[PDB]
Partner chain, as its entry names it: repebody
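First, one chain by itself: the form deposited without the partner chain, in structure tokens.
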């Protein structure tokens, strides 16, 4: 039997009008219809088959979606037709339902040749969020962010850890944690870090 998975756009893509958010309908184990709420839609695009180490083909259909539709909770339905199973499989997907809540951002200074800078982001809803670090308006590359964790009041939290040379912290370059979320003004805040 063929098997259908359906994936949401990336958080960052929906929050910035410049980027193009996509809903992806993956099919493992070998047609495509798309609806947004009721309405049938056409702009979807299939991909070159990606054969597998287990005699599987992986066929992927990508539909581009409007930022505002996704944010407003519209529902995306991927009806996969084929021969190797009778009834056309449906999957469906939409943004998590509920009042979006604004992340609260707080940077925390270190307690070797390297120090760990922390950015704790709490109290936000839905869990869709993107975190990034920069210095002198330049992107950092030595950072990792935990997945969102469900807090006891139903909001989410996470922490981002940025690792830099003890020396850069030393002079007092300023380090900046960017956070993007639907509940923030312009979908974007920043908190700032350096030593005192």
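Positions refer to the first chain, counted from 1.
The discussion below concerns the form solved in complex with the partner chain, not included here.
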**OP:** Classify residue 90 as contacting or not contacting the partner chain in the deposited complex by the rule of any non-hydrogen atom within 4.5 angstroms, answering yes or no.
**Re:** no
Original post:
At the 4.5 Å heavy atom threshold, is residue 99 in contact with the partner chain in the deposited complex?
Top reply: yes
Original post:
residue 79 near the partner chain in the deposited complex, any heavy atom under 4.5 Å?
Top reply: no
Subject >> Contact of residue 50 with the partner chain in the deposited complex (heavy atom, 4.5 Å) >> reply: no
Original post:
So in the deposited complex, are 43, 66 and 74 all sitting within 4.5 Å of the partner chain, heavy atoms only?
Top reply: yes
**OP:** Heavy atoms within 4.5 Å of the partner chain in the deposited complex is the criterion; list the residues of 3-17 that meet it.
**Re:** 17
